[PDB]
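Next up: a single chain in structure tokens, the form solved without the named molecule.
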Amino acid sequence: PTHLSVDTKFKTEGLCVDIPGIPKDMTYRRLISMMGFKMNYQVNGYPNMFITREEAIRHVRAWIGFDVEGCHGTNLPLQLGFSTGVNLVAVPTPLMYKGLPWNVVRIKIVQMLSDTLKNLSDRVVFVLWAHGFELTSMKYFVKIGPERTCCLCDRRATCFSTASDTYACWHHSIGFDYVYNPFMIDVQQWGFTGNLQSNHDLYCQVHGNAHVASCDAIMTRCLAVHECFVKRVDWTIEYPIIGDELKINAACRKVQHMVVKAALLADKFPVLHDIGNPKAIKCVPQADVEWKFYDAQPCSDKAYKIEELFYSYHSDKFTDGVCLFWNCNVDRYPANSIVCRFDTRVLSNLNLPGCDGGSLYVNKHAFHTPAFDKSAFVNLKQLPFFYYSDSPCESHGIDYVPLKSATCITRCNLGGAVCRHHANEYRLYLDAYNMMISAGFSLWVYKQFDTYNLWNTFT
């Protein structure tokens, strides 16, 4: 049990308005055949065009919602809609394109998928709410066969060209006309009552229904993300490294240690309340403070209510000292807080569109994150950049230009001239900090936080 058996039954009720007379008894084997594809009893890495929910979850970066609406069946034009927001009109002869024949439509499909997916995944997973026309339109832009590699590199092939008779991955497919060996999943097989809109609108108010194919494609992928990452959470699935994952994770650990250490030095809190990941470790192990932990897993649906986290009877006095919320998404932070909160609006290869304003942040594990909300930070202010260090000024062991900065809080800068070691550490810290901010993380702190209070820690 690794792939979806072609002999698995497929419920055809959702298909019978577009395909009247469709047999109630149907397998994937007969469905693929009805779509105009032949699998030839082939043991060459592609056992089924359709995949299991578990396989779809492992390949969430490949998800592309896809819907087809009858504009007017080989006689009428079709509107092809994708969760990228694109609508193409194919004639049989929110971006909306005029009607064109399939030979040109297929070139646009290959360009769109390659640009969307080259940095996300080695494949495409079409996420459907299958009614019939989308399945029968696939033969006009999809080719299947044995698993192949790119003609220009070692990656698996995702495109085919009829002009050159060659195969390419998403990076090398310019000029290619067929999508090759795509995967697909029909959400309608998961057991739902009622249509797409009624199921999507139960959990999301951010996507409307203009009645165009791309709106349905967006809602379909949204419902699939809600089912697989919001109401169901699996932090055991590992995802490949596709970008700056390791650097971002190291940067987050560096910034956390820096900020918490400086807040403890500047305001001398007797107690710190660490609210979040039940597996968290003291980020400033040498600090004098009474460190108290409170367990809260990442919220994937709505942000936690501070009344539930803190009230219903612990130190009990969360008002004493400082609260540390490092990626613990709450509705309204207390005024005595140090906060790291992921901004779901950020554009990156790690952050995928999510459900109800939220986003799916995929970095080693998949984390659906509730929508970023500026009102959560009304009791706090943005944490300004600063570098602090009490380590001795000594080079040990990279070219140099003297550093001049009001934000390098060191003994050497206090004395009037930043030493080489602290200039190197400052530049490294600034790089880690900028990496973390650009990845989507935002930092917030209690209003009394003032770096001017750090200078007297050098006496």
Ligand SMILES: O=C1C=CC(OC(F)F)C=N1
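From 1 onward, residues are counted along the sequence shown.
One more form of this protein, solved in complex with the named molecule, exists but is not displayed; see below.
- With the site C-alphas superimposed, the ligand pose in the deposited bound form sets the named molecule onto this chain such that three or more atoms are within 2.4 Å of backbone or C-beta atoms; a blocked site results.
- Out of the listed residues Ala432, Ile57, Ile32, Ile51, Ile32 is the one that sits within 4.5 Å of the named molecule in the deposited bound form by at least one heavy atom.
- Under a 4.5 angstroms non-hydrogen atom cutoff, the named molecule in the deposited bound form has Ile144 among its neighbouring residues.
- In the deposited bound form, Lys38 approaches the named molecule with a heavy atom inside 4.5 Å.
- Taking the named molecule as positioned in the deposited bound form, the only residue of 2-18 that brings a heavy atom within 4.5 Å of it is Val6.
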